[PDB]
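Asks:
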Amino acid sequence: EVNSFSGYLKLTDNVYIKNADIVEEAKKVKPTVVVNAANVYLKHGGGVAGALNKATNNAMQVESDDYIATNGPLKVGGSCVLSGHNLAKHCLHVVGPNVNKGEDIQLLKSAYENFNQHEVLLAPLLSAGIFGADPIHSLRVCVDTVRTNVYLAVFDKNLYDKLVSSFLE
Ligand SMILES: CC(C)[C@H](Nc1ncnc2[nH]c(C3=CCOC3)cc12)c1ccc2c(c1)S(=O)(=O)CCC2
């Protein structure tokens, strides 16, 4: 069926969260939109972006290279809509700031604002992992900024539990 999300915990009227791999969620749910945690040149070299690209058997990377050739790189805090391939109807490539590389944490609000152009999205926790943002802060920005229906997949039970505890304080 359409957007068949299961086993999520509803945090607010529009934010849900699950301990899950976003790739496995995209394969089972077939969401209208899957968010990729992209970089400005759409080079999906590892982490979340490498895993989504691998699940499309590199079709996502070829399409991203053609997009960059015609349009140039994205800006930090920006996004573009490309094909979802076998994972979704569309992939929304969003660039959150990479704090470990000196980018401004304030741009995380701009990054989440891109989600508001889509009614329902399956997404990762922006700027977390090796991008270096505090994951509790990233969830607070998501809850305060996103107004459409967002299903967050966080592939780590330890981090999932710390995020739910922090939200329910
Ligand atoms: C915080 C962690 C748990 C989270 N990881 C994930 N969150 C959700 N679905 C995931 N699948 C995988 C797989 C990796 C290999 O096969 C699938 C990772 C994973 C995450 C959240 C955002 C970011 C990253 C990582 S990053 O890739 O380090 C840099 C970009 C921002």
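Offset between the sequence shown (1-based) and the authors' numbering: plus 1. Ideal Cβ placement from N, Cα and C applies to all residues, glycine included.
1) Compare the beta carbon distance of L88 and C81 with 9 angstroms and say whether it is the shorter of the two.
2) Of all the options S166, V121, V155, which has the alpha carbon lying nearest to the alpha carbon of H91?
3) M61 and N72 look like a contact to me (Cβ under 8 angstroms); what is the Cβ gap, rounded to whole Å?
4) Buried or exposed, going by whether 16 or more other CB atoms sit within 10 Å of the CB of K19?
5) Determine the direct distance from the alpha carbon of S139 to that of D14, and round the result to whole angstroms.
6) Short of 7 angstroms in beta carbon distance, which residues of its chain neighbour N40, apart from the five on each side in sequence? Order them along the chain.
7) Can you tell me where the beta strand (DSSP E) holding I18 begins and where it ends?
8) In this structure, does DSSP put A56 in helix, strand or coil?
9) To which residues does DSSP link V34 through a beta bridge?
10) Please list, in chain order, all residues of the same chain as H45 whose beta carbon is under 6 angstroms from its beta carbon, the five residues on each side excluded.
Replies: This is what the structure holds:
1) Their beta carbons are not under 9 angstroms apart, which means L88 does not touch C81 by this criterion.
2) The shortest Cα separation from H91 among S166, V121, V155 belongs to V121.
3) The C-beta distance from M61 to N72 rounds to 16 angstroms, too long to fall under 8 angstroms, and the pair is not in contact.
4) Burial call: buried.
5) Using only the alpha carbons, I get a separation of about 18 angstroms.
6) Around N40, the same chain offers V96 as residues with beta carbons nearer than 7 angstroms, after the five sequence neighbours per side are excluded.
7) Counting along the chain, the beta strand (DSSP E) containing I18 begins and ends at 16-19.
8) If DSSP states are grouped into helix, strand and coil, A56 belongs with the helices.
9) Looking at the DSSP assignment, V34 forms a beta bridge with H91.
10) Once the five neighbours on either side are set aside, the close Cβ partners of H45 are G51, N54, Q62.
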